[PDB]
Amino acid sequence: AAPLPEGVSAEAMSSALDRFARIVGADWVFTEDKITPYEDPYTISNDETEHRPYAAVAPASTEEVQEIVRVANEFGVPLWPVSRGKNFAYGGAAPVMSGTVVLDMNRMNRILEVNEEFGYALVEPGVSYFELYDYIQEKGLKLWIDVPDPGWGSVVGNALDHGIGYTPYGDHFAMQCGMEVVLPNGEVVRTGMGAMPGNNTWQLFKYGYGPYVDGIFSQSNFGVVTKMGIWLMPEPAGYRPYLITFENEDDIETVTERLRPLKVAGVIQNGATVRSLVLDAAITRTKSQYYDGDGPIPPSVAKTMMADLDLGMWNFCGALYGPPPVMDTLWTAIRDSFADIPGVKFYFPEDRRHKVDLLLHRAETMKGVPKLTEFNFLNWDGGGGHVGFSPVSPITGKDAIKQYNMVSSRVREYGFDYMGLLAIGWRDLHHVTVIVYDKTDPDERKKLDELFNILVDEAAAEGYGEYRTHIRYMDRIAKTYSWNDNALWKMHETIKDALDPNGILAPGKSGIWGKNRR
């Protein structure tokens, strides 16, 4: 059971837990044996009093949110907002600090608007990708949504954390437009056009007038987000998902070189993802099926996985969108960029001899379909937890191969398999490292923790920095953005002390602490 947070007497807490009970009822304030679904499901720390929520209030309306926050102020008790708390690999529901009261907003799951003609939604935090998909399919509206894989999570929560998907609307927060925010002092505000009485333009024009501030409430503890609009892609006129595989590990250098101009110009219309053999193999197989050793898979077994599954060492999944004459012209350009590489194979779905297969699973994500497979890369090594390192780099052959060499060496030295991805949004490259681990074994937890810290250090040194991370590592990732003795984070703390003078919102989110605890 979790301790109190330093500064909060037992009376103050228990008073506040009763005053929270007034505001939302006594059935929607959770303690004790009801608390554990909001623990980190993939624990990394071997000290068991870190990332431990004291309680979990669960309001149903914006107004409750406001009082909660006013009470939180009154008793000096900190809160930790989560839209749905399916933030797996990042801590799930749990706070950075022990003792903070989770503020859960599953209950505020009203899809407030879905406009077909203008291509947007207005949703509250609780709305899941599944819920929003379904409501669209039931009404037969000709709109796609843009989805993580698997499609756990909140439309809102995923976006606020700068999350990403697999269609042209892949940059979730880029597609955001208008939000309502409960400030730390209890007051509510609407950004953009939503600050105009009588507007019909909240989800039509991001800026509004004057300082553009939506972004400060993303990867932030500056407020609580109670509604958010997002743009949604009109159902296109055509769709052709594809896979391009490469034989050799070294091919990732030339592949990244070829990908650059296609991505910088928008020729490839969604995110480009080039995945290593084991990360894609892990969509349909486990390690035990290919190798019995405790260590990482040997060359000879890779060759066997590649022949068996018609994957490469590298595996480029992508999709063409819009009308057929357009899709034909983009294909011509993309295909001719890769054709002259020894060993390259190209595949549309109908060229896939297997009926369970990478491309058929990926095609669902690249058309906005939230799919919940019980078979992914978590199962690879018998099951457990995952963590991901996804730093930014320039889209260059040299930057890719370097990251690959650095990470695969270290990852394999520590006994894990290399599960890597090269991902391009538009002008950004991300070498994403996935490490699966047994989160019940304390010695493996030690290995992972250490390996992680070394990867951050070595990548920072090469100018590569993380954009999204686990609650455990939030302070560490803040420390990488250290230009001029932490000038940026000094400003954030200025803003934090002004909006939240009593430090009751998500203390330590993104490394932002507030004067009382700093």
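Residue positions are given as counts along the sequence shown, with the first one as 1.
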{"property": "23-31 or 481-489, whichever carries the higher mean Cα B-factor", "result": "23-31"}
{"property": "Selected stretch [higher average CA B-factor]: 76-84 or 155-163", "result": "76-84"}
{"property": "Selection by C-alpha B-factor (highest) of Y414, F375, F205, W231", "result": "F375"}
{"property": "Among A121, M97, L279, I268 - the residue whose C-alpha B-factor is largest in the record", "result": "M97"}
{"property": "Chain thirds of CA B-factor: placement of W144", "result": "lowest"}
{"property": "Chain-wide C-alpha B factor ranking for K371, given as lowest, middle or highest third", "result": "highest"}
{"property": "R476, C-alpha B-factor rank within chain (lowest, middle or highest third)", "result": "lowest"}
{"property": "Where the record places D340 (Cα B-factor, split into thirds across the chain)", "result": "middle"}
{"property": "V69, C-alpha B-factor rank within chain (lowest, middle or highest third)", "result": "middle"}
